[PDB]
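Form deposited in one PDB entry, single chain, as structure tokens, below.
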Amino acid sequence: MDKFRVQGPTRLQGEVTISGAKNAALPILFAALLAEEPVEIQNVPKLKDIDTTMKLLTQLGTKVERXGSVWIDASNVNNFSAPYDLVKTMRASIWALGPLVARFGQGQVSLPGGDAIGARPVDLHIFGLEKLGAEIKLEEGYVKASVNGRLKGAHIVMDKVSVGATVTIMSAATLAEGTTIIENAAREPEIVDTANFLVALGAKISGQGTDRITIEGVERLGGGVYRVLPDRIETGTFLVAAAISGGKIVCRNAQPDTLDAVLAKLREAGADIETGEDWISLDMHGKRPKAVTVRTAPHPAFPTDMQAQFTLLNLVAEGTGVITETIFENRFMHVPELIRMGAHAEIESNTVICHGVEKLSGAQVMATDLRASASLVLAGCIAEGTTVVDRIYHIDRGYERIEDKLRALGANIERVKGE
């Protein structure tokens, strides 16, 4: 059971190369099923989900080999089933459905259930396929989609904005016969990257990143080389690491435009920010951060995923700042951990009232949420003494070797195996 042991305090400064987004990576990987010719997917991160996806693809009859990139060859997909084993460890596995039926005319995914009716996330995917002409079948712990020939483009009005369903409906429509319109499509930067990847293979797609995606079906998708987009939330994690440490840092392999709100936010905190075509720089100028007010909201507004980070920023900032969760519920569960470290805070309703203190004190902390967990490793860096972040496997799922990045930044971090 891996743990992080940190020596504080350490000023975070220097350089960090942002990894590719697991979130753009996943759906792009599934979409690669559409390709007739080989595909090179670059800038893919090394995370559990990528591996599970690799296993899944190979199992469909796909040729898969990885490194910096992942080499996909979907020319010989023979099997059409996503087994129980694979689709229980990873929700994203639902994405195999659409391509399979769009390109092969058939597909089946395992169906973990037991739960509440009218709840299932998959419900949106299934109905999306149904509107496309696919024949759905709910049997044998399964969900089967099939069509004779091509899928039919349709005008689809989304009732609930859904990242997952937008990818499935969009992907499957590239091969559909006719035009498909997705009303209320997810705006996420990841959706845009997936659209672009599709466009690169030969698909005709437009409106990506807006409330309306329009797909013009084509007969087939080729191959080629595509670069997965940088990790927006990771960038924000390192940007915050300098902002709370009086540091100066430059973010390489970054994508500024996917960070508008976090940048404006960092500025409010009195940070000297600069951006280039592919990089972002933050200079605290030895200064202490200025407490900010935060309101999480749907993209392109303040990302909820950057919430715990900002809560830490307010925690070691000059003055008071209140963070509000416009969206979610129960996202503060990690705060008490911070309190045990010398942080002054009041969880009130859907908000967290932040009372900035000069210096945090090392301690024993644990958070299961990846963001909240990473926020803890950050605190250890600026706290006085020794901090132990427990159960970092959580972090590993979403962070490509973070201790290494933090170390190059000057952090006194150490991966402690088997306690």
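The first residue of the sequence shown is number 1, and the count goes up from there. The term rigid core refers to the maximal set of C-alpha atoms that superpose within 1.5 Å between the two forms.
We do not show the form deposited in another entry, though everything after this point is about it.
Among 178, 319, 113, 224, which is the residue that shifts its C-alpha 2 Å or more between this form and the one not shown, core superposed?
C-alpha shift of at least 2 Å: 113.
Flagged pair residue 117/residue 129: C-alpha distance shifts by 3 angstroms or more in the other form. Which direction, closer or farther?
Farther is correct, given that in the other form the C-alpha spacing of residue 117 to residue 129 is increased by at least 3 Å.
Quick one: in the other form, is the Cα gap between residue 115 and residue 129 smaller or bigger than here? Answer closer or farther; it shifts by 3 Å or more.
Between the C-alphas of residue 129 and residue 115, the gap widens in the other form (3 Å or more compared with this form).
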